[PDB]
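Worksheet for the structure shown next.
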Amino acid sequence: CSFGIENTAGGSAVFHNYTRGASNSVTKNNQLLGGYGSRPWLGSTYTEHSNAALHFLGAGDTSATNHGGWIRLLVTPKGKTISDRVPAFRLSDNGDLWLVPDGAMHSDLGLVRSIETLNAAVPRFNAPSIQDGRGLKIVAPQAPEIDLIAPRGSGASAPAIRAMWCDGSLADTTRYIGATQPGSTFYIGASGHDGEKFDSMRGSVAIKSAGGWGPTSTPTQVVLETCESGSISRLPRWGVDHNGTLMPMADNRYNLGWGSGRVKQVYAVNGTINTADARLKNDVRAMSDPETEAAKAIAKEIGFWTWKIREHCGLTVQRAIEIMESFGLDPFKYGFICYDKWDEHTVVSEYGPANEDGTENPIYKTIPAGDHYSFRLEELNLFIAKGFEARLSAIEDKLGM
Amino acid sequence: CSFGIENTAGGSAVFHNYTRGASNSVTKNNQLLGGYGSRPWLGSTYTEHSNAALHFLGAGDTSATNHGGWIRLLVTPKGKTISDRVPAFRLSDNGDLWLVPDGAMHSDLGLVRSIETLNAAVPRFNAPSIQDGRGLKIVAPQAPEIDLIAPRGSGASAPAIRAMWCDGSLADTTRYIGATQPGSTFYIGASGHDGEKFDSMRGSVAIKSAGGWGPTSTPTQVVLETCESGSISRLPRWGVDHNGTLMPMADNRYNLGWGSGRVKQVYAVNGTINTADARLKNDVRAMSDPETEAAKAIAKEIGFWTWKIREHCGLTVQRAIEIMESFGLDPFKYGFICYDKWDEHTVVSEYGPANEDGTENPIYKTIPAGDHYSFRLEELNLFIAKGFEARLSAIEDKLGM
Amino acid sequence: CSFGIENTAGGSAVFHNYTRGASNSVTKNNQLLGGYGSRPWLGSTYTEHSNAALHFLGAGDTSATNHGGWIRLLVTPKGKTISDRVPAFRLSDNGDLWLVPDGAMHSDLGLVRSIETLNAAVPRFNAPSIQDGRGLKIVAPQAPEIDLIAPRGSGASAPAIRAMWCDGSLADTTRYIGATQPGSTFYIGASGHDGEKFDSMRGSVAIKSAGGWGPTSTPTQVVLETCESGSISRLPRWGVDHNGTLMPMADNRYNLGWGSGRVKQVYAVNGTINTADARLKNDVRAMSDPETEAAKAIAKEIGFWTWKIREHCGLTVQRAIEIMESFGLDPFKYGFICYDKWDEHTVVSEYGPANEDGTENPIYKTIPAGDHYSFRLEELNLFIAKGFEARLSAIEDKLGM
């Protein structure tokens, strides 16, 4: 039944495991320094090893400068024997916790306790060891996961992942803690192996302080970052600013939509602001006579059309192209006529239902290669307008007006 | 004071718990196979059970094919007795870690160690058991949470959640690791009970590889996904591409803004590109005489207005509607005249300060029902322009030009 | 070798630590109630304290109403002695798990087991204690982190963080579980110290239920939220709705782009919808003669320009400004002429490669102060159009038409 150690005097009641190296030498790296474990009864014998256990192990060979030690907990899956038991919890000597469930690592890697030791055991892995000592690492086949199960009760289901930024340190005698500083960030993103190693994140969401904080001001922003094909460095692309503006994170560089991914429409209050600054342009030349002629002819093409229930006003780019060429102009040297083309490509179209193999089941779809003819209607309207101006000036001269 | 087991020869110093079933039968499922626990002193006695403890338990009845075993750690909240102690840490036999703090589960569920065993104990729960063996599960009343506390020291507060994608396996007899493959994703999202069960995520942010990776190319994208009312399958909606484009994830399907959520304004460098492709349209018919007449009359309505202060150029939709109808036209059959209506609805307007009941405190607001009359100004300009064209052609004929 | 406790009768085989206060008084808050620990061999002695250990400790002074107790696990980093061992795993009496790796907290704080106890030990910290009992807390210098290592095997690398919403409770006798309710949210965001305390999140991504759920309907939305300079309350800014619309979360409040962060261009199918509602405007006045005169003159400026290879149609704002002023008008009282200026500011331009000090290495860049002259081309076209209308009416009167 019950075995116990008692100290009646007010001191500690503690159990110790004492272990040596061979022939009184120092204890070694990964040597089992101590253990506690259950052995269940099979009917007439106990198991030969523990089915659940706590192990104390060495971290490096013991010496006057190294007393390194780490911990793991071992479990045995239902339906398996102690030959297939799993060191699923490993508390590294650096203080990190590794969670390595059944199926994640071969039993040859049962002594891995860090990125450094994992790199050594799997030479091609090459993850950054600067990530050691930072907290929790989960290794699982395919889909390592954190589930936050949140019953509402009488309030709200509101799971959360919360960074807590501050100035200062909990590591010294002083323990100053102060206001969040500029450059405070929280990245939620993905690193990956590139064929040679893992490195920095190449895609992420980042919540950032937008300046230093004070009791009346705690500004932030949220930024989405991606890495381009043929490149190995991620860039901030789009973000929401402290004032709520949704903006590209570089000027005159990123689009909204593309040929095979067009916005259906925009609801705005004010008109789009387009820069038309003399300092960024060459001189504005007058239109040639063929250009003016084409401008006049294009105005005659304006009518009404439908798609394949309302009547839309305008013309086709193909019609404008024929008119342009009939006056000897190359239509694609003009900014109001656009052509976009794209290759065949595959996209996630939807998600299947959860099944026996996983909960997240993307359904793929192939988008055929294609192309579009398009206008910039603001610039087209101005082209047409110059046509009207030339026609009006010709009339005004004929009436000495 | 101090109790110890010593092995001087270089072997292990290990403690074992040996337990049987009743009458020498096999140990049973959830049977306590071993235990270590503290019992504090009340003045003249010790507590009847341990206030903090490590338990080794069976996972399934022991047999020649099952040596299953799992672990939990128990703690007792300050201000409570050992009747209310909490098995807060449960290392499942599958290797998952369950964190179940005080107030999360009734004591009847102290032996729950998996989604399978939780489903059996709570028949209406019905979570997917495919999620077992994947890592960490946290159960807490209302707001299970992970906090990443990040003192700056002399650097930057930069907490991070990092997926680490790779090809290969750590699980086999030979380990192999290679470059991130196509279809690599990282989902941060929410599943929920639908009245019958939990299933796949129905809203999420997803970081994805955009193609396979190599040492000179590690492309990614970030995608936001939601599920529609009346639907049970989430779809990618908007995303930032590897090249930084912000785009809808299906063509000609999603809007920017709506009637009661209009963008204030857009800053663009180039003019909006609108597709005007003959292949997607029916034939462009000429304008009837009433339509041309309305186009001419509408041009006379252009003046300057202010809101209720710069002078803006244009006219009202209501004025255009009267003119349209005065020539016997239904104005709402034309694409340049729009009407939007919305019901009364309630939204989160802001967040209150943290209080004794929670840190996240949304303040609600009711938006009244309403409607708007709107133009598509690009189309309207073209309608007006055809009016000018007809007037110019009528003049040119009268002067034999 | 092997030390063991055996129970042949079918009962438990358990080890107990029995400890008292001084002079038979009750055990005290944070008193070591029990311990298990390895002591490695240095060559001729063992270490004076354990290099790896499990400790059971008191939570509050023991009494008839308090049997509080908690657990920690201690490890010793390779290259250090037991003077510098780390209580890296602390399972609080409330059931929370604290991960505190090497370098995170001074050894004086080794008994911290909660936000309440941390606040008392570090008076300036002032985090919200309502966060106690919610799950996992990770403290690390600068960059606490969670890594999800996901080898593809034969499937896909698909790590996930998954909130699981439901109605009900697992905490009571009743244990009702039901459908996800309205107001269910999942926040991924950042709190921070403001100089006095930590509080609510001030920037975040939030996945939210958009209404209650049922077996045929599980709507969601994704929202990005930030806090403004000079403010201490975060607001929803932009979101993707259940129907996939990307929208500002308040009407007529937020922009897309700004002067130093302009969208390059927009790809839309339909024309931008601009509200032009008589009910929201003052009366549309007719143009004065100087305004009409300027409108006519501006049409003559339309030609072609290039940036510093295609020919773009239009004119400069500076040219329009001179014409406006030549007829005695203030050009900046008119909505189609815009001027924006911005101060010098610093932004993250790029991410450096991973180095020995960290994986996430932002490279900064200074954007000089600057300004732009811009048009609203839709409004400008209408201004020009009125010029044409006045010219046509003058001709028609002269020919008695």
Side-chain angles (χ1 to χ4, degrees), chain A residues 267-273, chain B residues 257 259-266 294 296-326 331 336-342 367-381 383-384, chain C residues 250-255 271-295 298 320-321 324-325 327-339 374-390 393:
Chain A
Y267 288 79
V269 179
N270 292 285
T272 299
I273 290 171
Chain B
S260 197
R262 298 168 297 161
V263 180
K264 187 178 189 198
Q265 62 206 332
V266 181
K296 299 186 227 169
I298 279 173
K300 305 205 160 157
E301 299 300 322
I302 299 162
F304 285 105
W305 51 263
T306 53
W307 277 300
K308 307 187 178 203
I309 56 157
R310 318 224 323 275
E311 299 282 309
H312 297 274
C313 184
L315 63 140
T316 71
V317 174
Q318 288 100 329
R319 191 60 69 84
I321 282 163
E322 294 158 20
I323 290 163
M324 292 288 287
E325 295 166 339
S326 82
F336 63 86
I337 284 164
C338 307
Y339 175 77
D340 312 272
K341 188 184 76 181
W342 58 88
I367 307 300
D371 63 6
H372 285 320
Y373 289 85
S374 314
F375 286 126
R376 302 189 197 284
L377 295 168
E378 304 101 330
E379 268 202 50
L380 177 75
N381 272 299
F383 184 62
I384 285 170
Chain C
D251 184 48
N252 186 33
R253 190 166 164 181
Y254 301 123
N255 301 337
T272 300
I273 289 171
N274 276 270
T275 314
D277 198 305
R279 298 172 290 176
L280 304 165
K281 304 181 189 320
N282 297 311
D283 286 347
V284 180
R285 72 167 177 75
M287 294 198 182
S288 71
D289 279 5
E291 292 171 343
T292 307
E293 291 310 305
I298 279 172
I321 282 163
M324 292 288 287
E325 294 170 315
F327 300 96
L329 306 171
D330 182 5
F332 302 103
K333 276 168 190 162
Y334 296 85
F336 62 86
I337 284 164
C338 305
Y339 175 78
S374 314
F375 284 128
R376 301 191 167 114
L377 294 168
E378 303 101 328
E379 267 202 57
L380 178 75
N381 271 299
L382 290 169
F383 184 63
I384 285 169
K386 186 58 176 189
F388 297 157
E389 197 287 316
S393 290

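We name chains A, B, ... by the order of the sequence lines, and we start the count at 1 in each one.
The shortest side-chain heavy-atom distance between B:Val317 and B:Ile337 falls under the 4.5 Å cut-off. Within the 4.5 Å cutoff, the side chain of C:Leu382 has heavy atoms near those of the B:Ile384 side chain. Residues C:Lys386 and B:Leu315 are not in side-chain contact: their nearest non-hydrogen atoms beyond the backbone lie 4.5 Å or more apart. Looking only at side-chain heavy atoms (C-beta outward), B:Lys308 and C:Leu280 stay at 4.5 Å or farther from each other.
Side chains of B:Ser260 and C:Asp251: a donor-acceptor N/O pair is absent below 3.5 angstrom, by distance only. Side-chain contact of B:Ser326 with B:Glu322: a donor-acceptor pair under 3.5 Å is absent, judged by distance alone.
The backbone N or O of B:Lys300 sits nowhere less than 3.5 Å from a side-chain atom of C:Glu389 that would complete a donor-acceptor pair. One N or O on the side chain of B:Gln318 and one on the backbone of C:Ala278 form a donor-acceptor pair closer than 3.5 Å. A distance-only check finds no donor-acceptor pair linking the side chain of C:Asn252 to the backbone of B:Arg262 [under 3.5 Å]. Side chain of B:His372 to main chain of B:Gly259: a donor-acceptor pair is present (N/O by atom type, distance under 3.5 Å, no hydrogens or angles).
Qualifying salt bridge (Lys or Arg N to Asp or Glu O under 4.0 Å) partners for B:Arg310, counting only residues two or more places apart in sequence or in other chains: none. For C:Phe383, the ring pair (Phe, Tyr, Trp, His ring centres under 6.0 Å) test picks out B:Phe304, C:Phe336, with sequence neighbours left out.
B:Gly314 and C:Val284 get closest at one heavy-atom pair: O-CG1, 3.5 Å. Heavy-atom minimum distance, B:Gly303 versus C:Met287: CA-CG, 4.4 Å. Pairing each heavy atom of B:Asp340 with each of A:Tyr267, the nearest pair is OD1-OH, 3.4 Å. Residue C:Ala276 comes nearest to B:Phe375 through the heavy atom pair CB-CD1, 3.5 Å, listed as atom of the first residue, atom of the second, then distance.
Between C:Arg285 and B:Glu311 there is a salt bridge, since a side-chain N of the basic residue sits under 4.0 Å from a carboxylate O of the acidic one.
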Using the rule given for side-chain contact (heavy atoms from CB on, under 4.5 Å), can you reason through C:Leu329 versus C:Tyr334, listing the C-alpha separation, both sets of side-chain angles and the distance that settles it, and then say yes or no? CA-CA 9 Å; C:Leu329 306 171; C:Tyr334 296 85; 3.6 Å; yes

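In this structure, the separation between CZ on C:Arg376 and CG on C:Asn274 is 9.5 Å, given to the nearest 0.5 Å.
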